[PDB]
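File shown here: data.tsv, holding TSV, C-alpha atoms.
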```tsv
chain	number	residue	atom	x	y	z
A	2	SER	CA	0.00	0.00	0.00
A	3	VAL	CA	1.09	3.60	-0.83
A	4	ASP	CA	1.78	6.05	1.95
A	5	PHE	CA	1.49	9.72	0.74
A	6	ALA	CA	3.86	11.37	3.15
A	7	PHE	CA	6.63	8.77	2.62
A	8	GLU	CA	6.39	8.84	-1.19
A	9	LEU	CA	6.29	12.63	-1.41
A	10	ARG	CA	9.46	12.99	0.74
A	11	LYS	CA	11.10	10.38	-1.40
A	12	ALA	CA	10.18	12.25	-4.57
A	13	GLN	CA	11.42	15.46	-3.08
A	14	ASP	CA	14.79	14.07	-1.88
A	15	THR	CA	15.45	11.73	-4.84
A	16	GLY	CA	13.54	13.15	-7.89
A	17	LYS	CA	12.51	16.63	-8.80
A	18	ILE	CA	9.50	18.58	-7.52
A	19	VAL	CA	8.80	22.20	-7.93
A	20	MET	CA	6.69	24.01	-5.40
A	21	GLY	CA	4.16	26.78	-5.94
A	22	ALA	CA	0.93	27.45	-7.75
A	23	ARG	CA	2.43	29.70	-10.44
A	24	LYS	CA	5.19	27.24	-11.29
A	25	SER	CA	2.83	24.30	-11.23
A	26	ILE	CA	0.51	26.10	-13.62
A	27	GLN	CA	3.47	26.88	-15.82
A	28	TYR	CA	4.56	23.28	-15.81
A	29	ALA	CA	1.05	22.15	-16.69
A	30	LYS	CA	0.89	24.48	-19.72
A	31	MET	CA	4.26	23.08	-21.02
A	32	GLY	CA	3.33	19.42	-20.40
A	33	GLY	CA	6.31	19.43	-18.02
A	34	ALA	CA	5.22	17.32	-14.99
A	35	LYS	CA	4.04	13.75	-14.40
A	36	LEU	CA	1.75	14.69	-11.48
A	37	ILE	CA	0.54	17.83	-9.75
A	38	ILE	CA	-0.44	17.84	-6.15
A	39	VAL	CA	-2.73	20.49	-4.67
A	40	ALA	CA	-3.69	21.14	-1.00
A	41	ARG	CA	-7.28	20.78	0.02
A	42	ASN	CA	-7.43	24.45	1.04
A	43	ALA	CA	-5.52	25.77	-1.96
A	44	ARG	CA	-7.42	28.84	-3.36
A	45	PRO	CA	-10.15	27.87	-5.84
A	46	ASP	CA	-8.54	29.80	-8.61
A	47	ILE	CA	-5.34	27.76	-8.06
A	48	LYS	CA	-7.31	24.50	-8.09
A	49	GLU	CA	-9.33	25.35	-11.08
A	50	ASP	CA	-6.49	26.90	-13.06
A	51	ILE	CA	-4.21	23.96	-12.40
A	52	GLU	CA	-6.98	21.52	-13.28
A	53	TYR	CA	-7.79	23.42	-16.49
A	54	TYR	CA	-4.31	23.10	-17.91
A	55	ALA	CA	-3.26	19.76	-16.33
A	56	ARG	CA	-6.38	18.13	-17.84
A	57	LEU	CA	-5.61	19.50	-21.30
A	58	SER	CA	-1.89	18.47	-20.97
A	59	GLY	CA	-2.80	14.99	-19.70
A	60	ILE	CA	-1.19	15.47	-16.25
A	61	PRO	CA	-3.04	13.83	-13.34
A	62	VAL	CA	-3.88	16.02	-10.40
A	63	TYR	CA	-3.96	14.65	-6.88
A	64	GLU	CA	-5.66	16.34	-3.95
A	65	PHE	CA	-3.61	16.24	-0.69
A	66	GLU	CA	-6.20	15.97	2.04
A	67	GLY	CA	-4.54	18.41	4.31
A	68	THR	CA	-3.82	22.15	4.36
A	69	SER	CA	-1.14	24.12	2.57
A	70	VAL	CA	0.53	24.71	5.92
A	71	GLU	CA	0.59	20.86	6.47
A	72	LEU	CA	1.87	20.37	2.93
A	73	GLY	CA	4.75	22.78	3.61
A	74	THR	CA	5.64	20.88	6.83
A	75	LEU	CA	5.69	17.64	5.08
A	76	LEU	CA	8.14	19.15	2.64
A	77	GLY	CA	10.31	20.66	5.41
A	78	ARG	CA	9.36	24.27	4.38
A	79	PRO	CA	8.41	27.19	6.71
A	80	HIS	CA	5.76	28.64	4.32
A	81	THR	CA	2.57	27.16	3.09
A	82	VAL	CA	2.75	25.20	-0.21
A	83	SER	CA	-0.60	25.21	-1.97
A	84	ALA	CA	0.45	23.08	-5.04
A	85	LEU	CA	3.61	21.37	-6.29
A	86	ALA	CA	4.61	19.68	-9.57
A	87	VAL	CA	6.32	16.30	-9.66
A	88	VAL	CA	8.72	16.59	-12.64
A	89	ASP	CA	10.59	13.42	-11.79
A	90	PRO	CA	9.37	10.90	-9.16
A	91	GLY	CA	12.98	9.70	-8.57
A	92	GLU	CA	13.05	6.59	-6.50
A	93	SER	CA	9.42	7.08	-5.27
A	94	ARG	CA	6.09	5.48	-6.21
A	95	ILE	CA	4.30	8.88	-5.97
A	96	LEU	CA	2.83	8.38	-9.45
A	97	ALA	CA	0.87	5.48	-8.08
A	98	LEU	CA	-1.35	8.06	-6.40
```
Would you mind giving the structure from this file in structure tokens?
Amino acid sequence: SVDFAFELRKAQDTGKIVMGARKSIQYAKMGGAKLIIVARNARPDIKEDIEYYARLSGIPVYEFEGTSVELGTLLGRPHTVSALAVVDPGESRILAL
């Protein structure tokens, strides 16, 4: 079974993820990510805007059922993270989400 927290840290420390709504949206437009993850309390424009382009680009979107503050903590960051793009899963199974 897939554990979200464990696979995300593994992606972060062994693959390549980029954090932020604006960069995620940019990656979605370019077809440049294998998965986007958004926080449950990310702003609706961020959700909808990411979903708009990720759907068109064929990039799955996964909703993290926690807050952007929690998402930042998981990623060892002091600020909230409302969305991130997985460019390379690395050694993780995060794409199994």
For residue A:49, the closest of A:20, A:84, A:97, A:74 counting all atoms listed in the file is A:84
Counting all atoms listed in the file, write as number ranges by chain all protein and nucleic acid residues lying at most 6 Å from (8.5, 12.8, -15.6) in the file's frame.
A: 34-35, 88-89
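Counting only C-alpha atoms and comparing A:24, A:11, A:56, A:44, the residue that lies closest to residue A:96 is A:11.
What separates atom CA of residue A:94 from atom CA of residue A:15 is a distance of 11.3 Å.
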Counting only C-alpha atoms, which residues sit no farther than 9 Å from the position (3.6, 11.4, -8.2) in the file's frame? I'd like them as a PyMOL selection string.
chain A and resi 8-9+12+35-38+61+63+86-90+93-98
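Closest approach to residue A:58 from the set A:2, A:27, A:81, A:13 is made by A:27, with distances taken over only C-alpha atoms.
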Counting only C-alpha atoms, which residue out of A:3, A:70, A:57, A:39 sits closest to residue A:25?
A:39
In Å to one decimal, how far is atom CA of residue A:59 from atom CA of residue A:78?
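Interatomic distance, atom CA of residue A:78 to atom CA of residue A:59: 28.5 Å.
The spacing separating atom CA of residue A:69 from atom CA of residue A:50 amounts to 16.8 Å.
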Kindly complete stretch 67-88 of chain A to N, CA and C atoms; the output should be written as an mmCIF file, in the frame of the given file.
```
data_model
loop_
_atom_site.group_PDB
_atom_site.id
_atom_site.type_symbol
_atom_site.label_atom_id
_atom_site.label_comp_id
_atom_site.auth_asym_id
_atom_site.auth_seq_id
_atom_site.Cartn_x
_atom_site.Cartn_y
_atom_site.Cartn_z
ATOM 1 N N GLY A 67 -5.107 17.715 3.205
ATOM 2 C CA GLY A 67 -4.540 18.410 4.310
ATOM 3 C C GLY A 67 -4.393 19.836 3.832
ATOM 4 N N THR A 68 -3.883 20.706 4.703
ATOM 5 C CA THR A 68 -3.820 22.150 4.360
ATOM 6 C C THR A 68 -2.518 22.505 3.717
ATOM 7 N N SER A 69 -2.420 23.743 3.173
ATOM 8 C CA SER A 69 -1.140 24.120 2.570
ATOM 9 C C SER A 69 -0.034 24.257 3.607
ATOM 10 N N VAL A 70 -0.422 24.645 4.824
ATOM 11 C CA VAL A 70 0.530 24.710 5.920
ATOM 12 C C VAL A 70 1.062 23.269 6.171
ATOM 13 N N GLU A 71 0.172 22.265 6.237
ATOM 14 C CA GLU A 71 0.590 20.860 6.470
ATOM 15 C C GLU A 71 1.483 20.374 5.334
ATOM 16 N N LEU A 72 1.119 20.778 4.123
ATOM 17 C CA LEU A 72 1.870 20.370 2.930
ATOM 18 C C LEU A 72 3.300 20.948 3.004
ATOM 19 N N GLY A 73 3.434 22.183 3.470
ATOM 20 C CA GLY A 73 4.750 22.780 3.610
ATOM 21 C C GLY A 73 5.594 22.000 4.624
ATOM 22 N N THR A 74 4.968 21.613 5.726
ATOM 23 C CA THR A 74 5.640 20.880 6.830
ATOM 24 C C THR A 74 6.116 19.526 6.439
ATOM 25 N N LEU A 75 5.307 18.897 5.612
ATOM 26 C CA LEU A 75 5.690 17.640 5.080
ATOM 27 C C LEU A 75 6.953 17.799 4.245
ATOM 28 N N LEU A 76 7.013 18.891 3.512
ATOM 29 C CA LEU A 76 8.140 19.150 2.640
ATOM 30 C C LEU A 76 9.334 19.902 3.337
ATOM 31 N N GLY A 77 9.307 19.959 4.667
ATOM 32 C CA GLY A 77 10.310 20.660 5.410
ATOM 33 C C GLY A 77 10.385 22.165 5.162
ATOM 34 N N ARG A 78 9.344 22.817 4.636
ATOM 35 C CA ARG A 78 9.360 24.270 4.380
ATOM 36 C C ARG A 78 8.564 25.068 5.418
ATOM 37 N N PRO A 79 9.072 26.253 5.755
ATOM 38 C CA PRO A 79 8.410 27.190 6.710
ATOM 39 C C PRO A 79 7.112 27.877 6.208
ATOM 40 N N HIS A 80 6.948 27.978 4.887
ATOM 41 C CA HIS A 80 5.760 28.640 4.320
ATOM 42 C C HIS A 80 4.793 27.596 3.811
ATOM 43 N N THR A 81 3.563 28.018 3.672
ATOM 44 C CA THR A 81 2.570 27.160 3.090
ATOM 45 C C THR A 81 3.013 26.782 1.677
ATOM 46 N N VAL A 82 2.538 25.633 1.179
ATOM 47 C CA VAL A 82 2.750 25.200 -0.210
ATOM 48 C C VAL A 82 1.384 24.783 -0.663
ATOM 49 N N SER A 83 0.749 25.570 -1.539
ATOM 50 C CA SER A 83 -0.600 25.210 -1.970
ATOM 51 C C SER A 83 -0.657 24.163 -3.137
ATOM 52 N N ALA A 84 0.456 23.962 -3.861
ATOM 53 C CA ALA A 84 0.450 23.080 -5.040
ATOM 54 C C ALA A 84 1.910 22.782 -5.308
ATOM 55 N N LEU A 85 2.230 21.630 -5.853
ATOM 56 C CA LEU A 85 3.610 21.370 -6.290
ATOM 57 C C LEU A 85 3.564 20.506 -7.548
ATOM 58 N N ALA A 86 4.611 20.503 -8.349
ATOM 59 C CA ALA A 86 4.610 19.680 -9.570
ATOM 60 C C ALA A 86 5.671 18.588 -9.407
ATOM 61 N N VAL A 87 5.304 17.368 -9.678
ATOM 62 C CA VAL A 87 6.320 16.300 -9.660
ATOM 63 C C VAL A 87 6.856 16.200 -11.102
ATOM 64 N N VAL A 88 8.076 16.671 -11.317
ATOM 65 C CA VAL A 88 8.720 16.590 -12.640
ATOM 66 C C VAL A 88 9.336 15.249 -12.854
#
```
